[PDB]
$ cat entry_6.json   # JSON, C-alpha atoms
[["chain", "number", "residue", "atom", "x", "y", "z"],
["X", 1, "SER", "CA", -15.11, 23.52, 29.07],
["X", 2, "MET", "CA", -18.04, 22.32, 31.24],
["X", 3, "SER", "CA", -21.34, 23.12, 29.48],
["X", 4, "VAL", "CA", -19.32, 25.18, 26.80],
["X", 5, "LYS", "CA", -18.91, 23.48, 23.46],
["X", 6, "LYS", "CA", -17.76, 24.44, 19.95],
["X", 7, "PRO", "CA", -20.36, 23.69, 17.26],
["X", 8, "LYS", "CA", -20.73, 19.87, 16.41],
["X", 9, "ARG", "CA", -18.60, 18.95, 13.25],
["X", 10, "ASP", "CA", -20.46, 16.19, 11.35],
["X", 11, "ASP", "CA", -18.35, 13.03, 11.78],
["X", 12, "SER", "CA", -21.04, 10.50, 10.71],
["X", 13, "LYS", "CA", -19.36, 9.82, 7.34],
["X", 14, "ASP", "CA", -15.78, 9.59, 8.64],
["X", 15, "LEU", "CA", -15.74, 5.72, 8.78],
["X", 16, "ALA", "CA", -16.92, 5.46, 5.18],
["X", 17, "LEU", "CA", -14.62, 8.08, 3.92],
["X", 18, "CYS", "CA", -11.48, 6.57, 5.72],
["X", 19, "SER", "CA", -12.50, 3.18, 4.12],
["X", 20, "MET", "CA", -12.54, 4.82, 0.67],
["X", 21, "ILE", "CA", -9.15, 6.40, 1.18],
["X", 22, "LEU", "CA", -7.73, 3.07, 2.41],
["X", 23, "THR", "CA", -9.20, 1.32, -0.73],
["X", 24, "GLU", "CA", -7.41, 3.85, -2.93],
["X", 25, "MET", "CA", -4.12, 3.25, -1.03],
["X", 26, "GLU", "CA", -4.62, -0.57, -1.29],
["X", 27, "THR", "CA", -5.02, -0.40, -5.10],
["X", 28, "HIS", "CA", -2.14, 1.99, -5.85],
["X", 29, "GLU", "CA", 0.60, 0.30, -7.85],
["X", 30, "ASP", "CA", 3.26, 1.27, -5.32],
["X", 31, "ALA", "CA", 1.32, -0.23, -2.34],
["X", 32, "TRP", "CA", 3.06, -3.70, -2.59],
["X", 33, "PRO", "CA", 5.63, -3.07, 0.23],
["X", 34, "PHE", "CA", 2.80, -2.11, 2.60],
["X", 35, "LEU", "CA", -0.05, -4.55, 1.92],
["X", 36, "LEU", "CA", 0.93, -7.13, 4.56],
["X", 37, "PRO", "CA", 2.89, -7.14, 7.79],
["X", 38, "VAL", "CA", 6.71, -7.40, 7.40],
["X", 39, "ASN", "CA", 7.69, -11.05, 8.15],
["X", 40, "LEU", "CA", 9.58, -10.65, 11.44],
["X", 41, "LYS", "CA", 11.11, -14.14, 11.10],
["X", 42, "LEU", "CA", 12.50, -13.48, 7.64],
["X", 43, "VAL", "CA", 13.70, -9.88, 7.78],
["X", 44, "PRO", "CA", 16.76, -9.31, 9.94],
["X", 45, "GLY", "CA", 16.75, -6.26, 12.11],
["X", 46, "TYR", "CA", 13.02, -5.43, 11.68],
["X", 47, "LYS", "CA", 11.73, -6.74, 14.93],
["X", 48, "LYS", "CA", 14.32, -4.91, 17.02],
["X", 49, "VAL", "CA", 14.45, -1.68, 15.17],
["X", 50, "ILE", "CA", 10.73, -0.99, 14.34],
["X", 51, "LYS", "CA", 9.00, -0.70, 17.62],
["X", 52, "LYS", "CA", 5.49, -0.43, 16.22],
["X", 53, "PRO", "CA", 5.01, -2.29, 12.90],
["X", 54, "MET", "CA", 2.00, -1.23, 10.81],
["X", 55, "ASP", "CA", 0.67, -2.21, 7.33],
["X", 56, "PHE", "CA", -2.49, -1.65, 5.26],
["X", 57, "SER", "CA", -4.04, -5.05, 6.09],
["X", 58, "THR", "CA", -3.71, -4.36, 9.82],
["X", 59, "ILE", "CA", -5.24, -0.87, 9.37],
["X", 60, "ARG", "CA", -8.09, -2.47, 7.33],
["X", 61, "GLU", "CA", -8.84, -5.02, 10.08],
["X", 62, "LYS", "CA", -8.68, -2.28, 12.83],
["X", 63, "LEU", "CA", -11.01, -0.05, 10.70],
["X", 64, "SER", "CA", -13.51, -2.88, 10.12],
["X", 65, "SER", "CA", -13.69, -3.87, 13.85],
["X", 66, "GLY", "CA", -14.13, -0.43, 15.48],
["X", 67, "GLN", "CA", -10.66, -0.03, 16.79],
["X", 68, "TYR", "CA", -10.19, 3.59, 15.57],
["X", 69, "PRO", "CA", -11.93, 5.97, 17.99],
["X", 70, "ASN", "CA", -11.71, 8.87, 15.55],
["X", 71, "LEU", "CA", -10.31, 9.86, 12.09],
["X", 72, "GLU", "CA", -7.02, 11.19, 13.70],
["X", 73, "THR", "CA", -6.08, 7.81, 15.15],
["X", 74, "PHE", "CA", -6.61, 6.36, 11.63],
["X", 75, "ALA", "CA", -4.24, 8.99, 10.05],
["X", 76, "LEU", "CA", -1.65, 8.26, 12.77],
["X", 77, "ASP", "CA", -1.48, 4.53, 11.78],
["X", 78, "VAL", "CA", -1.32, 5.36, 8.03],
["X", 79, "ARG", "CA", 1.62, 7.80, 8.73],
["X", 80, "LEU", "CA", 3.27, 5.11, 10.93],
["X", 81, "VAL", "CA", 3.46, 2.85, 7.87],
["X", 82, "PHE", "CA", 5.49, 5.54, 6.04],
["X", 83, "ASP", "CA", 7.58, 6.56, 9.00],
["X", 84, "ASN", "CA", 8.57, 2.94, 9.54],
["X", 85, "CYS", "CA", 9.41, 2.63, 5.87],
["X", 86, "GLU", "CA", 11.76, 5.72, 6.04],
["X", 87, "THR", "CA", 13.40, 4.30, 9.22],
["X", 88, "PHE", "CA", 14.33, 1.01, 7.55],
["X", 89, "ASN", "CA", 14.79, 1.77, 3.85],
["X", 90, "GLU", "CA", 17.15, 4.04, 1.93],
["X", 91, "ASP", "CA", 15.42, 6.95, 0.01],
["X", 92, "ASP", "CA", 17.15, 5.68, -3.19],
["X", 93, "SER", "CA", 15.59, 2.14, -3.16],
["X", 94, "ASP", "CA", 12.44, 0.87, -4.78],
["X", 95, "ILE", "CA", 10.74, 0.54, -1.33],
["X", 96, "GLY", "CA", 12.08, 3.90, -0.09],
["X", 97, "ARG", "CA", 10.64, 5.66, -3.17],
["X", 98, "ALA", "CA", 7.35, 3.71, -2.86],
["X", 99, "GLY", "CA", 6.94, 5.05, 0.66],
["X", 100, "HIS", "CA", 7.49, 8.65, -0.31],
["X", 101, "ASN", "CA", 5.06, 8.29, -3.25],
["X", 102, "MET", "CA", 2.35, 6.73, -1.03],
["X", 103, "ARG", "CA", 2.74, 9.28, 1.74],
["X", 104, "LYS", "CA", 2.24, 12.07, -0.83],
["X", 105, "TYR", "CA", -0.76, 10.30, -2.31],
["X", 106, "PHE", "CA", -2.32, 9.81, 1.15],
["X", 107, "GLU", "CA", -1.75, 13.36, 2.35],
["X", 108, "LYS", "CA", -3.49, 14.87, -0.70],
["X", 109, "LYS", "CA", -6.54, 12.58, -0.32],
["X", 110, "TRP", "CA", -6.59, 13.44, 3.40],
["X", 111, "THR", "CA", -6.58, 17.25, 2.79],
["X", 112, "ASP", "CA", -9.08, 17.04, -0.07],
["X", 113, "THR", "CA", -11.51, 14.89, 1.89],
["X", 114, "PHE", "CA", -11.37, 16.48, 5.37],
["X", 115, "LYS", "CA", -9.69, 20.01, 5.26]]
$ encode --input "entry_6.json" --output "structure tokens"
Amino acid sequence: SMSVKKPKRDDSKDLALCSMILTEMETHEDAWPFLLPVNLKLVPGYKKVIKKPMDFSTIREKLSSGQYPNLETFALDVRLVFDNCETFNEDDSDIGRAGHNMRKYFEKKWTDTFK
């Protein structure tokens, strides 16, 4: 509360470390469904159904331009990518499986780096 603070957690490396995680996600072999924004002209249903589209290139540009105020807003956008993927894609599809694999991969790197 006012004039009463928990001890200061060192956040000075968060930007670098989120960039490293994002590089690892970008280079994963199963990243191909997520590298670029879904083409809203060419994919029926996407625009209407997926209220907040997100992809790795969009996260990379937000990261690079100071649009994440803290590491939690970064994790929220990463998870959005996988939540969108589960909304639109069957579990038993190449894309559906890619999204589960990547979410697992991310969540381990997240825990190992920050928790």
$ residues_around --input "entry_6.json" --residues "region 101-104 of chain X" --least-positions-apart "4" --cutoff "8 Å" --atoms "only C-alpha atoms" --output "number ranges by chain"
X: 25, 30-31, 79, 82, 97, 108
$ write_last_selection --input "entry_6.json" --atoms "C-alpha atoms" --output "PDB file, in the coordinates of the input"
ATOM      1  CA  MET X  25      -4.120   3.250  -1.030  1.00  0.00           C
ATOM      2  CA  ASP X  30       3.260   1.270  -5.320  1.00  0.00           C
ATOM      3  CA  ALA X  31       1.320  -0.230  -2.340  1.00  0.00           C
ATOM      4  CA  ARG X  79       1.620   7.800   8.730  1.00  0.00           C
ATOM      5  CA  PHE X  82       5.490   5.540   6.040  1.00  0.00           C
ATOM      6  CA  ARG X  97      10.640   5.660  -3.170  1.00  0.00           C
ATOM      7  CA  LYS X 108      -3.490  14.870  -0.700  1.00  0.00           C
TER       8      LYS X 108
END
$ residues_around --input "entry_6.json" --residues "region 57-59 of chain X" --least-positions-apart "3" --cutoff "6 Å" --atoms "only C-alpha atoms" --output "NGL selection string"
:X and (35-36 or 62-63)
$ atom_distance --input "entry_6.json" --atom1 "CA of residue 81 (chain X)" --atom2 "CA of residue 55 (chain X)"
5.8 Å
$ closest_residue --input "entry_6.json" --among "X:10, X:115, X:53, X:34" --to "residue 22 (chain X)" --atoms "only C-alpha atoms"
X:34
$ closest_residue --input "entry_6.json" --among "X:86, X:75, X:24, X:19" --to "residue 107 (chain X)" --atoms "all atoms listed in the file"
X:75
$ residues_near_point --input "entry_6.json" --point "(9.8, -0.3, -2.6)" --cutoff "9 Å" --atoms "all atoms listed in the file" --output "PDB file with C-alpha atoms, in the frame of the given file"
ATOM      1  CA  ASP X  30       3.260   1.270  -5.320  1.00  0.00           C
ATOM      2  CA  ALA X  31       1.320  -0.230  -2.340  1.00  0.00           C
ATOM      3  CA  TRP X  32       3.060  -3.700  -2.590  1.00  0.00           C
ATOM      4  CA  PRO X  33       5.630  -3.070   0.230  1.00  0.00           C
ATOM      5  CA  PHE X  34       2.800  -2.110   2.600  1.00  0.00           C
ATOM      6  CA  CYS X  85       9.410   2.630   5.870  1.00  0.00           C
ATOM      7  CA  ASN X  89      14.790   1.770   3.850  1.00  0.00           C
ATOM      8  CA  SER X  93      15.590   2.140  -3.160  1.00  0.00           C
ATOM      9  CA  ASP X  94      12.440   0.870  -4.780  1.00  0.00           C
ATOM     10  CA  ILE X  95      10.740   0.540  -1.330  1.00  0.00           C
ATOM     11  CA  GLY X  96      12.080   3.900  -0.090  1.00  0.00           C
ATOM     12  CA  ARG X  97      10.640   5.660  -3.170  1.00  0.00           C
ATOM     13  CA  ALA X  98       7.350   3.710  -2.860  1.00  0.00           C
ATOM     14  CA  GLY X  99       6.940   5.050   0.660  1.00  0.00           C
TER      15      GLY X  99
END
$ residues_around --input "entry_6.json" --residues "residue 113 (chain X)" --least-positions-apart "5" --cutoff "12 Å" --atoms "all atoms listed in the file" --output "list in words"
residues 13, 14, 16, 17, 18, 19, 20, 21, 71, 106, 107 and 108 of chain X
$ atom_distance --input "entry_6.json" --atom1 "CA of residue 27 (chain X)" --atom2 "CA of residue 65 (chain X)"
21.1 Å
$ atom_distance --input "entry_6.json" --atom1 "CA of residue 87 (chain X)" --atom2 "CA of residue 49 (chain X)"
8.5 Å
$ closest_residue --input "entry_6.json" --among "X:60, X:1, X:54, X:9" --to "residue 83 (chain X)" --atoms "only C-alpha atoms"
X:54
$ closest_residue --input "entry_6.json" --among "X:105, X:110, X:74, X:46" --to "residue 26 (chain X)" --atoms "only C-alpha atoms"
X:105
$ closest_residue --input "entry_6.json" --among "X:7, X:50, X:92, X:61" --to "residue 80 (chain X)" --atoms "all atoms listed in the file"
X:50
$ axis_aligned_box --input "entry_6.json" --around "region 37-47 of chain X" --padding-each-side "5 Å" --output "AutoDock Vina command-line options"
--center_x 9.8 --center_y -9.8 --center_z 11.2 --size_x 23.9 --size_y 18.7 --size_z 17.5
